[PDB]
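**Q** Dropping a structure here in structure tokens format, bear with me for questions.
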Amino acid sequence: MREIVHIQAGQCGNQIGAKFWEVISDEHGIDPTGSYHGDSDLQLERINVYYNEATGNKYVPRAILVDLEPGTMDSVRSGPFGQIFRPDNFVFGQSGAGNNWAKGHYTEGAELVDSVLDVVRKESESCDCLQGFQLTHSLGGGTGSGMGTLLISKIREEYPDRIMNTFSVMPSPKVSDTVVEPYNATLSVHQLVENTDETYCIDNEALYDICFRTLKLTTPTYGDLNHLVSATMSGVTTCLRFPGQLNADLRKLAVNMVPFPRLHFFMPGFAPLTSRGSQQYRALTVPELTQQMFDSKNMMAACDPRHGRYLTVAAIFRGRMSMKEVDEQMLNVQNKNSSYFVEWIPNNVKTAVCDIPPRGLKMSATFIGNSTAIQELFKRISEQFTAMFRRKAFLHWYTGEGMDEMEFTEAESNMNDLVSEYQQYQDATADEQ
Amino acid sequence: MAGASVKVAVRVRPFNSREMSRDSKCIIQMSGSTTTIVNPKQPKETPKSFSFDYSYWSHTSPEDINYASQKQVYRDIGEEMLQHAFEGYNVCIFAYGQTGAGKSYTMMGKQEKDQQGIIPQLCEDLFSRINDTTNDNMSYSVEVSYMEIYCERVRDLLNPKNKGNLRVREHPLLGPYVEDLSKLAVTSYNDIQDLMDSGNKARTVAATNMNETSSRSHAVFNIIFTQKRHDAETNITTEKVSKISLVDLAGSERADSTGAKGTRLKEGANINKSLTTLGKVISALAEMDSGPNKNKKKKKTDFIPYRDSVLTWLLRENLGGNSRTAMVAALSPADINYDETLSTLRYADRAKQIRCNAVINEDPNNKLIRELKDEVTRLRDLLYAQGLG
Amino acid sequence: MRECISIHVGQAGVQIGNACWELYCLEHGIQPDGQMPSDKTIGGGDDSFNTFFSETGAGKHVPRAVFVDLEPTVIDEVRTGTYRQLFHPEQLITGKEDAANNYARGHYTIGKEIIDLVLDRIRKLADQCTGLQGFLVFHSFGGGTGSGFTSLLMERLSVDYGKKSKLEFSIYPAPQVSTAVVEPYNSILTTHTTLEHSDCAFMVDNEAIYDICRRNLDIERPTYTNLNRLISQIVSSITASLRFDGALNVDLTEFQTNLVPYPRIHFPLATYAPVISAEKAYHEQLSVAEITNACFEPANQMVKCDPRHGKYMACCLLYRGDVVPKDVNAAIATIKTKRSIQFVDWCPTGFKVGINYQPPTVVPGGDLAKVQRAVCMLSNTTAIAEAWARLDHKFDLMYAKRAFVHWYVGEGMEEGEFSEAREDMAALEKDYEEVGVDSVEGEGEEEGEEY
Ligand SMILES: CC(=O)O[C@H]1C(=O)[C@@]2(C)[C@H]([C@H](OC(=O)c3ccccc3)[C@]3(O)C[C@H](OC(=O)[C@H](O)[C@@H](NC(=O)c4ccccc4)c4ccccc4)C(C)=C1C3(C)C)[C@]1(OC(C)=O)CO[C@@H]1C[C@@H]2O
Ligand SMILES: Nc1nc2c(ncn2[C@@H]2O[C@H](COP(=O)(O)OP(=O)(O)OP(=O)(O)O)[C@@H](O)[C@H]2O)c(=O)[nH]1
Ligand SMILES: Nc1ncnc2c1ncn2[C@@H]1O[C@H](COP(=O)(O)OP(=O)(O)NP(=O)(O)O)[C@@H](O)[C@H]1O
Ligand SMILES: Nc1nc2c(ncn2[C@@H]2O[C@H](COP(=O)(O)OP(=O)(O)O)[C@@H](O)[C@H]2O)c(=O)[nH]1
Ligand SMILES: [Mg+2]
């Protein structure tokens with residue numbers, strides 16, 4: 001029995017986690033009270049992946065909620081699915097990080113980390129065979145980034161042989177909400193590059209573009225963006241919970257997608273996505289899903305794949321479909337856009353198929369890419385970072401909490417080395433001397 | 001900047017007491033810069049042949065012809081590297097070899113002071129030259145540190161405190177380093193060897209299915225050497241600073257040989273990962289050295305994956321830039337360990353891979369028959385061409 | 001009693017086993033719950049054939065099958081499926097993670113702690129067996145479990161039983177199509193065990209079967225069920241000769257004796273001639289000559305390799321149904337005159353023939369038509385080298401930069417285990433290139449004494 005422990009820290013992490021628990025709960029037929037009122041029988045077979053079984057035929061998720069302010073806990077509890085969670089997992093303090101990475105990592109989070117790890121240890125010791133962890137957090141924030149990095153460090157220390165996913169919302173050029181984004185982003189990705197097996201790349205601009213262009217929503221809100229991220233989160237681990245013709249575990253994705261240890265930043269996407277009224281105008285088939293998955297405007301990371309090359313890609317289909325169509329479409333995509341795929345991997349497309357699609361759709365698919373274009377998302381941050389570090393714009397707020405100027409330099413150097421490592425494979429030959 | 005060539009050396013060993021008592025046969029032959037090995041269970045197929053830079057037959061101790069004497073090895077590696085270090089550049093020796101290979105003898109030698117290893121000869125030569133060249137203007141200082149790497153965690157071997165995990169930092173100018181790593185000065189090579197023994201007492205060692213005491217972790221002995229010059233002025237200047245590194249590499253293990261679970265498999269996996277990354281960086285550095293050294297073109301600076309492991313990260317300055325490298329591999333000479341020996345060669349083949357071709361052992365009967373047939377053909381052609389037959 | 005144990009490893013093995021056991025139960029009239037109403041209706045007989053089913057006292061029939069996998073999903077689908085009551089409740093499923101497309105994970109780390117239970121169950125099955133003939137191992141190259149665990153199982157079986165035959169059906173990776181990024185590593189690493197321990201290894205390719213199921217059986221969107229059903233038909237054609245009567249009867253040892261000139265070249269291709277849809281079953285005589293000719297067509301091969309680029313070293317034809325020996329002789333004579341089919345000069349006979357009276361069955365809901373005659377051809381030829389050569393190239397393109405290697409070394413392997421295997425692979429290729437060469441001209445150079 002493969003099982004996953006879910007952690008959510010910070011405002012963004014808690015919001016996405018709440019929406020994710022509403023999306024997964026439906027798929028598995030769970031009442032907001034906790035009782036099961038589904039129809040199919042394939043829904044309870046692997047319920048233990050995400051849920052513990054309570055005494056009175058009630059299911060409680062393994063979610064762990066962390067914060068340094070009680071407001072987001074209060075918002076989550078007073079919600080549609082607030083009562084589903086175990087009240088003992090609401091770990092929180094007061095006097096939040098104040099959008100300061102040092103407070104989240106060195107001053108305030110250092111006191112709450114012991115309690116959070118105690119809860120995590122209690123949850124994990126009850127697992128029959130724990131597979132991995134999930135953590136939802138934002139890089140450009142306060143308590144989220146720092147507490148998430150500190151936690152991931154601790155759990156990687158304690159559980160070195162278990163997978164550690166991470167769904168990170170990193171800052172964006174135009175949609176910037178806080179002034180100290182680059183420091184937090186750099187000091188966070190300095191830690192994520194070391195102590196994480198898989199990191200998924202999300203930002204708000206790509207999701208806004210998806211909402212405005214594909215779904216044609218006039219006034220999108222954060223609920224929609226969380227709804228998307230939740231769709232991707234289930235689609236990643238669909239194969240663990242349901243049968244299929246060709247299964248794909250989390251470890252299979254990690255093995256097939258990561259060529260070298262430090263290149264584990266992935267570009268997620270989902271298909272199909274239409275704008276309500278247009279549904280009747282398009283047929284749903286495997287070629288349509290394949291075309292929409294590889295479209296540049298569908299990506300959730302705001303990095304154009306056409307500016308680089310795909311090191312690897314993975315496609316998890318859900319629905320009753322023919323394997324021949326899937327294989328032929330992946331081969332056609334590889335052979336047609338031959339310039340956007342690395343030459344020294346003979347085949348760089350993982351394919352998985354699950355039999356039971358999402359409730360409401362006859363077919364669906366999730367795309368997980370890994371390409372050199374991700375370097376751009378780092379480069380911009382680094383540029384902004386140096387633009388603030390030459391003058392020490394807001395540095396005293398960080399050095400007043402025990403940090404030192406050397407740490408910023410190490411983080412910047414690690415960013416630059418990661419960027420160069422991704423960039424070495426970008427150029428489309430190496431012949432001249 | 002400058003490149004850093006790597007000298008690949010392999011040495012066998014004369015049988016041991018257990019080997020001598022048993023009827024085990026040798027299996028390794030070595031000629032020139034080439035070695036060949038015969039599978040004991042497959043005598044019919046072929047011998048595997050590898051070609052290194054440096055090949056050393058220390059099998060027959062009293063041998064007079066083509067015996068790899070200890071002074072020969074020292075002159076062929078350590079003297080040149082010590083001279084390079086004196087010019088003000090970092091240098092390093094990796095020592096690779098599994099249990100029973102005989103790496104310790106090559107690296108340290110016997111305490112009788114009649115057969116020396118590389119370390120004692122290097123230290124003695126360094127201190128002899130220090131005492132010889134200490135004029136009124138020039139001053140010399142030497143410091144020593146000894147650390148251990150275990151499961152991608154650094155520990156102090158000389159400090160007797162609790163074996164906590166030290167934190168690895170990156171000074172912007174002086175590169176990677178380790179915090180709170182005790183640094184001690186030494187006045188005689190006897191102090192260096194005493195510190196080496198004290199640290200070796202503190203190594204992490206565990207019992208395996210193969211040996212009851214096998215090294216489970218890497219170890220680095222850094223000699224930090226400082227030269228201060230007094231020109232004809234009031235300004236004394238630390239003219240150069242160079243490092244001599246002595247790395248002890250644990251071998252590569254198989255899960256089949258050591259089927260223990262828990263900590264043992266974790267240690268084996270970490271050791272294998274570190275060795276693979278080390279081989280990758282050394283091969284890349286050797287290729288980049290070879291390219292510019294002949295072509296003299298600067299192909300950007302390439303990318304050298306230093307960060308993929310702590311071992312290559314802490315040795316970043318020593319490996320890269322203007323530096324010298326040399327790896328020595330010990331190959332047990334029995335047969336019982338044949339596969340092990342082959343694995344050692346396959347790890348010592350890595351980096352600066354060069355062409356060996358097939359070594360064929362001709363039957364003397366067919367050789368003589370072919371030679372006589374050629375002679376008869378030549379003589380008959382000469383006779384019949386002149387009309388004398 | 002001619003009795004065989006079928007071993008299914010991995011997802012591909014388990015699904016092919018589902019198809020195969022559906023076919024066997026349909027063939028022998030066994031219901032999904034194990035009962036056979038035919039014996040009760042008639043009174044008795046040998047319909048509880050001991051090749052594949054063991055009969056208990058109450059009249060139930062249990063398959064002589066062993067299923068193994070490191071995931072619980074694929075076998076949990078069988079424990080609660082239509083055939084939930086057919087199998088013994090043992091299914092040897094490790095309630096842990098999977099090999100994760102990693103050979104080392106399936107051979108060294110997690111392959112242990114389940115091999116002992118599998119071997120114990122195999123020994124229990126073998127003890128009940130009298131006159132055991134061999135093993136039928138189903139797996140797939142490119143997977144984690146199907147490569148590493150199959151290698152470990154084959155090694156242990158060769159150590160234990162030794163003399164019994166071990167036939168292997170495997171899914172070689174296709175040239176262009178694939179479903180994983182690290183297929184070449186596992187496929188190359190499996191060469192050691194599939195070479196030394198196995199006796200005869202049959203290779204099938206998904207691209208070839210897709211092509212067949214689009215030209216012959218006119219299906220445009222096939223799934224794995226059709227592939228498994230065709231492979232099941234192939235295996236049933238192979239094994240029919242020790243279940244039913246026939247004019248010429250070929251056991252499992254005759255296969256190895258006739259198709260394996262040397263110990264290291266036991267990689268024959270397989271093909272099924274009358275693959276045709278019900279609509280096109282009409283307008284076609286389907287005589288012995290037609291099916292025999294169709295067996296040799298390059299388009300109908302089950303592996304993407306052209307026989308015209310090599311030489312045939314041995315052939316074995318297994319006929320089913322209303323087939324008479326005279327027509328088989330005429331068809332073989334006709335084939336021998338064609339110039340496009342070249343045989344090695346050192347095998348003048350080059351044909352084994354077997355005829356069985358039992359015609360092939362029709363699975364309900366299937367795709368193949370009901371036919372009166374059928375033939376399965378096995379062909380040991382030199383073209384298979386091509387199918388290997390491509391793979392080797394792919395391996396090099398990933399091993400030059402040591403991509404994906406740290407995953408393999410992190411589970412208990414070392415780097416050298418790659419290179420050694422590659423060297424071994426090269427040797428095998430050279431062996432094929434040595435055997436297909438014509439004998440040197442007047443092989444005793446030239447001769448002729450006085451008189
Ligand atoms: C009834 C029907 O077929 O209509 C569709 C529909 O029109 C479309 C437009 C749906 C609709 O989605 C949206 O309008 C939407 C809005 C903001 C953000 C994201 C989506 C739909 O709401 C979404 C909804 O999807 C589901 O019900 C899935 O189970 C989905 N989960 C949820 O949406 C969900 C949310 C909260 C609580 C419970 C379930 C899912 C998808 C993948 C993986 C897991 C779950 C479906 C079928 C539709 C509507 C209702 C219009 C689309 O979404 C999905 C994920 O299917 C948007 O583009 C797709 C394509 C669909 O055709
Ligand atoms: N013909 C056929 N091939 C299959 C089928 N199922 C899987 N395969 C093949 O199996 C390959 C994938 O590896 P698997 O054999 O499934 O690996 P596994 O047995 O699941 O073991 P793990 O890798 O540990 O999950 C694919 O490339 C397919 O070609 C099937 O039903 N029919
Ligand atoms: N060139 C040589 N000439 C003579 N004896 C040698 C030589 N090389 C090695 N030996 C013998 O090797 C012995 C030491 O072997 P040993 O200490 O067991 O190696 P080791 O412990 O396997 N190395 P390691 O475990 O990797 O630190 C010495 O006592 C010598 O007798
Ligand atoms: N998708 C999504 N992003 C959010 C939400 N709230 C905040 N963010 C993003 O997170 C950043 C602010 O970080 P914040 O949530 O305050 O971090 P925290 O203080 O540690 O909780 C902004 O750049 C937003 O883009 C939300 O509800 N949904
Ligand atoms: Mg599987």
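Residues are named by chain letter and number: chains run A, B, ... in the order of the structure tokens, numbers start at 1 in each chain, and ligands are numbered from 1 in the order shown.
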Give the residue list for ligand 5 at 8 Å, counting only C-alpha atoms and all ligand atoms, as a ChimeraX atom specification, sorted by chain and then by residue number.

**A** /A:246-248 /C:10-11,69-71,74,98-101,143-145

**Q** Would you save the residues from that selection as a PDB file, in the first residue's frame, using N, CA, C and O atoms?

**A**
```pdb
ATOM      1  N   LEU A 246      -1.332   0.563 -18.159  1.00  0.00           N
ATOM      2  CA  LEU A 246       0.108   0.758 -18.000  1.00  0.00           C
ATOM      3  C   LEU A 246       0.299   1.764 -16.868  1.00  0.00           C
ATOM      4  O   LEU A 246       0.212   2.975 -17.091  1.00  0.00           O
ATOM      5  N   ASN A 247       0.561   1.258 -15.668  1.00  0.00           N
ATOM      6  CA  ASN A 247       0.628   2.103 -14.487  1.00  0.00           C
ATOM      7  C   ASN A 247       1.921   2.911 -14.471  1.00  0.00           C
ATOM      8  O   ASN A 247       2.893   2.598 -15.161  1.00  0.00           O
ATOM      9  N   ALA A 248       1.918   3.972 -13.664  1.00  0.00           N
ATOM     10  CA  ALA A 248       3.087   4.834 -13.520  1.00  0.00           C
ATOM     11  C   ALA A 248       3.093   5.406 -12.110  1.00  0.00           C
ATOM     12  O   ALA A 248       2.307   6.303 -11.798  1.00  0.00           O
TER      13      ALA A 248
ATOM     14  N   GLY C  10       5.498  -9.360 -13.849  1.00  0.00           N
ATOM     15  CA  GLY C  10       5.260  -8.011 -14.313  1.00  0.00           C
ATOM     16  C   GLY C  10       3.876  -7.830 -14.903  1.00  0.00           C
ATOM     17  O   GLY C  10       3.087  -8.763 -15.046  1.00  0.00           O
ATOM     18  N   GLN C  11       3.582  -6.575 -15.251  1.00  0.00           N
ATOM     19  CA  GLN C  11       2.267  -6.240 -15.786  1.00  0.00           C
ATOM     20  C   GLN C  11       2.018  -6.938 -17.116  1.00  0.00           C
ATOM     21  O   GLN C  11       0.943  -7.511 -17.338  1.00  0.00           O
ATOM     22  N   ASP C  69       4.465 -10.019  -9.117  1.00  0.00           N
ATOM     23  CA  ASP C  69       4.649  -8.610  -9.432  1.00  0.00           C
ATOM     24  C   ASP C  69       4.952  -7.885  -8.133  1.00  0.00           C
ATOM     25  O   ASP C  69       4.635  -8.372  -7.044  1.00  0.00           O
ATOM     26  N   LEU C  70       5.572  -6.715  -8.262  1.00  0.00           N
ATOM     27  CA  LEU C  70       5.900  -5.882  -7.115  1.00  0.00           C
ATOM     28  C   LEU C  70       4.832  -4.838  -6.817  1.00  0.00           C
ATOM     29  O   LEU C  70       4.812  -4.299  -5.706  1.00  0.00           O
ATOM     30  N   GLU C  71       3.923  -4.533  -7.799  1.00  0.00           N
ATOM     31  CA  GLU C  71       2.740  -3.729  -7.534  1.00  0.00           C
ATOM     32  C   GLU C  71       1.581  -4.631  -7.123  1.00  0.00           C
ATOM     33  O   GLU C  71       1.520  -5.787  -7.548  1.00  0.00           O
ATOM     34  N   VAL C  74      -2.102  -4.789 -10.521  1.00  0.00           N
ATOM     35  CA  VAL C  74      -2.392  -5.651 -11.663  1.00  0.00           C
ATOM     36  C   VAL C  74      -2.966  -6.980 -11.198  1.00  0.00           C
ATOM     37  O   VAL C  74      -3.824  -7.561 -11.873  1.00  0.00           O
ATOM     38  N   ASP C  98       7.322  -0.588  -6.377  1.00  0.00           N
ATOM     39  CA  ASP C  98       7.678  -1.345  -7.569  1.00  0.00           C
ATOM     40  C   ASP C  98       9.149  -1.140  -7.905  1.00  0.00           C
ATOM     41  O   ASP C  98       9.850  -0.331  -7.293  1.00  0.00           O
ATOM     42  N   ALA C  99       9.614  -1.894  -8.903  1.00  0.00           N
ATOM     43  CA  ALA C  99      10.985  -1.753  -9.373  1.00  0.00           C
ATOM     44  C   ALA C  99      11.240  -0.410 -10.041  1.00  0.00           C
ATOM     45  O   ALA C  99      12.406  -0.046 -10.222  1.00  0.00           O
ATOM     46  N   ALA C 100      10.193   0.319 -10.428  1.00  0.00           N
ATOM     47  CA  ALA C 100      10.315   1.699 -10.891  1.00  0.00           C
ATOM     48  C   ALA C 100      11.193   1.810 -12.135  1.00  0.00           C
ATOM     49  O   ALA C 100      12.036   2.702 -12.243  1.00  0.00           O
ATOM     50  N   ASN C 101      10.995   0.898 -13.087  1.00  0.00           N
ATOM     51  CA  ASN C 101      11.739   0.867 -14.347  1.00  0.00           C
ATOM     52  C   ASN C 101      13.250   0.745 -14.131  1.00  0.00           C
ATOM     53  O   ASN C 101      14.036   1.062 -15.029  1.00  0.00           O
ATOM     54  N   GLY C 143      10.991  -3.188 -18.580  1.00  0.00           N
ATOM     55  CA  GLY C 143      10.401  -2.965 -17.279  1.00  0.00           C
ATOM     56  C   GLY C 143      11.377  -3.249 -16.160  1.00  0.00           C
ATOM     57  O   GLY C 143      12.409  -3.887 -16.345  1.00  0.00           O
ATOM     58  N   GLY C 144      11.032  -2.763 -14.975  1.00  0.00           N
ATOM     59  CA  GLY C 144      11.864  -2.983 -13.812  1.00  0.00           C
ATOM     60  C   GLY C 144      11.729  -4.390 -13.271  1.00  0.00           C
ATOM     61  O   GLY C 144      12.722  -5.113 -13.151  1.00  0.00           O
ATOM     62  N   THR C 145      10.502  -4.790 -12.938  1.00  0.00           N
ATOM     63  CA  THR C 145      10.282  -6.133 -12.414  1.00  0.00           C
ATOM     64  C   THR C 145      10.569  -7.186 -13.475  1.00  0.00           C
ATOM     65  O   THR C 145      11.329  -8.131 -13.235  1.00  0.00           O
TER      66      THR C 145
END
```

**Q** With ligand 1 as the partner and 7 Å as the cut-off, tabulate the residues of chain A that qualify, each row holding the nearest pair of atoms and their distance in Å to one decimal, using only C-alpha atoms and all ligand atoms, sorted by chain and rising number, as JSON lines.

**A**
```
{"residue": "A:22", "atom": "CA", "partner": "ligand 1", "partner_atom_place_in_ligand_line": "37 (C)", "distance": 5.5}
{"residue": "A:23", "atom": "CA", "partner": "ligand 1", "partner_atom_place_in_ligand_line": "38 (C)", "distance": 4.5}
{"residue": "A:24", "atom": "CA", "partner": "ligand 1", "partner_atom_place_in_ligand_line": "44 (C)", "distance": 6.8}
{"residue": "A:26", "atom": "CA", "partner": "ligand 1", "partner_atom_place_in_ligand_line": "38 (C)", "distance": 5.2}
{"residue": "A:27", "atom": "CA", "partner": "ligand 1", "partner_atom_place_in_ligand_line": "29 (O)", "distance": 6.4}
{"residue": "A:215", "atom": "CA", "partner": "ligand 1", "partner_atom_place_in_ligand_line": "58 (O)", "distance": 6.2}
{"residue": "A:224", "atom": "CA", "partner": "ligand 1", "partner_atom_place_in_ligand_line": "17 (C)", "distance": 4.2}
{"residue": "A:225", "atom": "CA", "partner": "ligand 1", "partner_atom_place_in_ligand_line": "18 (C)", "distance": 6.3}
{"residue": "A:227", "atom": "CA", "partner": "ligand 1", "partner_atom_place_in_ligand_line": "18 (C)", "distance": 5.1}
{"residue": "A:228", "atom": "CA", "partner": "ligand 1", "partner_atom_place_in_ligand_line": "19 (C)", "distance": 5.1}
{"residue": "A:231", "atom": "CA", "partner": "ligand 1", "partner_atom_place_in_ligand_line": "43 (C)", "distance": 4.3}
{"residue": "A:232", "atom": "CA", "partner": "ligand 1", "partner_atom_place_in_ligand_line": "43 (C)", "distance": 6.9}
{"residue": "A:234", "atom": "CA", "partner": "ligand 1", "partner_atom_place_in_ligand_line": "43 (C)", "distance": 5.8}
{"residue": "A:235", "atom": "CA", "partner": "ligand 1", "partner_atom_place_in_ligand_line": "43 (C)", "distance": 5.7}
{"residue": "A:272", "atom": "CA", "partner": "ligand 1", "partner_atom_place_in_ligand_line": "60 (C)", "distance": 5.2}
{"residue": "A:273", "atom": "CA", "partner": "ligand 1", "partner_atom_place_in_ligand_line": "58 (O)", "distance": 3.1}
{"residue": "A:274", "atom": "CA", "partner": "ligand 1", "partner_atom_place_in_ligand_line": "58 (O)", "distance": 4.2}
{"residue": "A:275", "atom": "CA", "partner": "ligand 1", "partner_atom_place_in_ligand_line": "9 (C)", "distance": 5.5}
{"residue": "A:276", "atom": "CA", "partner": "ligand 1", "partner_atom_place_in_ligand_line": "9 (C)", "distance": 4.7}
{"residue": "A:279", "atom": "CA", "partner": "ligand 1", "partner_atom_place_in_ligand_line": "62 (O)", "distance": 5.9}
{"residue": "A:358", "atom": "CA", "partner": "ligand 1", "partner_atom_place_in_ligand_line": "29 (O)", "distance": 4.6}
{"residue": "A:359", "atom": "CA", "partner": "ligand 1", "partner_atom_place_in_ligand_line": "29 (O)", "distance": 4.1}
{"residue": "A:360", "atom": "CA", "partner": "ligand 1", "partner_atom_place_in_ligand_line": "47 (C)", "distance": 3.6}
{"residue": "A:361", "atom": "CA", "partner": "ligand 1", "partner_atom_place_in_ligand_line": "47 (C)", "distance": 4.9}
{"residue": "A:364", "atom": "CA", "partner": "ligand 1", "partner_atom_place_in_ligand_line": "42 (C)", "distance": 6.9}
```

**Q** So, counting only C-alpha atoms and all ligand atoms, which residue among B:42, B:111, B:121, B:323 is closest to ligand 3?

**A**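 Using only C-alpha atoms and all ligand atoms, ligand 3 sits closest to B:111.
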
**Q** Would you please give, as number ranges by chain, all residues of range 112-176 of chain C that DSSP assigns to helix (DSSP H, G or I) based on the backbone?

**A** C: 115-128, 144-160

**Q** Selected residues, C-alpha atoms, written as an mmCIF file, in the first residue's frame, please.

**A**
```
data_model
loop_
_atom_site.group_PDB
_atom_site.id
_atom_site.type_symbol
_atom_site.label_atom_id
_atom_site.label_comp_id
_atom_site.auth_asym_id
_atom_site.auth_seq_id
_atom_site.Cartn_x
_atom_site.Cartn_y
_atom_site.Cartn_z
ATOM 1 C CA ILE C 115 12.092 -14.551 -4.371
ATOM 2 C CA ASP C 116 12.014 -17.055 -1.498
ATOM 3 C CA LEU C 117 8.211 -17.210 -1.426
ATOM 4 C CA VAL C 118 8.060 -17.527 -5.222
ATOM 5 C CA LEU C 119 10.568 -20.380 -5.203
ATOM 6 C CA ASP C 120 8.686 -22.120 -2.391
ATOM 7 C CA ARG C 121 5.432 -21.965 -4.359
ATOM 8 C CA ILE C 122 7.197 -23.178 -7.515
ATOM 9 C CA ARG C 123 8.643 -26.104 -5.558
ATOM 10 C CA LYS C 124 5.190 -26.925 -4.182
ATOM 11 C CA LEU C 125 3.773 -26.962 -7.713
ATOM 12 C CA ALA C 126 6.655 -29.094 -8.996
ATOM 13 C CA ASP C 127 6.255 -31.666 -6.211
ATOM 14 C CA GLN C 128 2.669 -32.371 -7.292
ATOM 15 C CA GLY C 144 11.864 -2.983 -13.812
ATOM 16 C CA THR C 145 10.282 -6.133 -12.414
ATOM 17 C CA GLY C 146 10.104 -8.018 -15.710
ATOM 18 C CA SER C 147 13.852 -7.587 -16.262
ATOM 19 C CA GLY C 148 15.534 -7.738 -12.858
ATOM 20 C CA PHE C 149 13.187 -10.102 -11.058
ATOM 21 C CA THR C 150 13.008 -12.351 -14.112
ATOM 22 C CA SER C 151 16.813 -12.440 -14.172
ATOM 23 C CA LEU C 152 16.992 -13.402 -10.496
ATOM 24 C CA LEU C 153 14.256 -16.023 -10.879
ATOM 25 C CA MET C 154 15.888 -17.583 -13.940
ATOM 26 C CA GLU C 155 19.269 -17.734 -12.196
ATOM 27 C CA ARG C 156 17.804 -19.431 -9.124
ATOM 28 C CA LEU C 157 15.754 -21.862 -11.225
ATOM 29 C CA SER C 158 18.824 -22.815 -13.259
ATOM 30 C CA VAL C 159 20.710 -23.406 -10.009
ATOM 31 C CA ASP C 160 17.928 -25.531 -8.509
#
```

**Q** For range 171-187 of chain A, work out the shell of residues within 7 Å, counting only C-alpha atoms and skipping chain neighbours fewer than 6 positions away, then give it as an NGL selection string.

**A** :A and (101 or 139-141 or 203-205 or 381 or 384-385 or 411-412)

**Q** Dump N, CA and C atoms for the selected residues as a compact mmCIF listing (two decimals), in the first residue's frame?

**A**
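Okay, this is what ended up in again_34.txt:
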```
# COMPACT_ATOMS: atom_id res chain seq x y z
N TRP A 101 12.05 35.92 5.02
CA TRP A 101 12.53 34.54 4.95
C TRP A 101 13.29 34.16 6.21
N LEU A 139 7.08 30.43 -3.03
CA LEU A 139 8.48 30.82 -2.86
C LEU A 139 8.61 32.28 -2.47
N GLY A 140 7.76 33.15 -3.02
CA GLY A 140 7.89 34.57 -2.84
C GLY A 140 7.29 35.13 -1.57
N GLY A 141 6.89 34.28 -0.63
CA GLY A 141 6.22 34.70 0.58
C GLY A 141 7.12 34.63 1.80
N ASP A 203 3.25 29.45 -11.60
CA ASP A 203 3.21 30.87 -11.32
C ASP A 203 1.86 31.41 -11.76
N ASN A 204 1.50 32.56 -11.20
CA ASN A 204 0.15 33.08 -11.38
C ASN A 204 -0.09 33.63 -12.78
N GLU A 205 0.95 34.12 -13.46
CA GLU A 205 0.74 34.70 -14.78
C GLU A 205 0.30 33.65 -15.79
N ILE A 381 14.91 36.17 -11.91
CA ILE A 381 15.00 36.34 -10.46
C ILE A 381 16.41 36.78 -10.09
N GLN A 384 16.95 40.37 -10.91
CA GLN A 384 16.34 41.22 -9.90
C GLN A 384 17.11 41.13 -8.60
N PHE A 385 17.57 39.92 -8.26
CA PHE A 385 18.31 39.74 -7.02
C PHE A 385 19.55 40.62 -7.00
N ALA A 411 23.63 31.46 -2.11
CA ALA A 411 22.38 31.20 -2.82
C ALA A 411 22.46 31.68 -4.26
N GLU A 412 23.02 32.87 -4.48
CA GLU A 412 23.16 33.39 -5.84
C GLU A 412 24.07 32.49 -6.67
```

**Q** Only residues of chain A matter here; which ones have an atom within 7 Å of chain C, counting only C-alpha atoms? Give them as an MDAnalysis selection string.

**A** chainID A and resid 1:2 129 243 251:252 255:256 259:260 322:325 327 331 344:351

**Q** Residues at most 8 Å from residue 50 in chain A, counting only C-alpha atoms, excluding those fewer than 5 positions away in the same chain, as an NGL selection string?

**A** :A and (3-5 or 61-62)

**Q** Do me a favour and pick out the residues of chain B within 10 Å of chain A, using only C-alpha atoms, as an MDAnalysis selection string.

**A** chainID B and resid 169:172 176 266 291:292 295:300 302:309
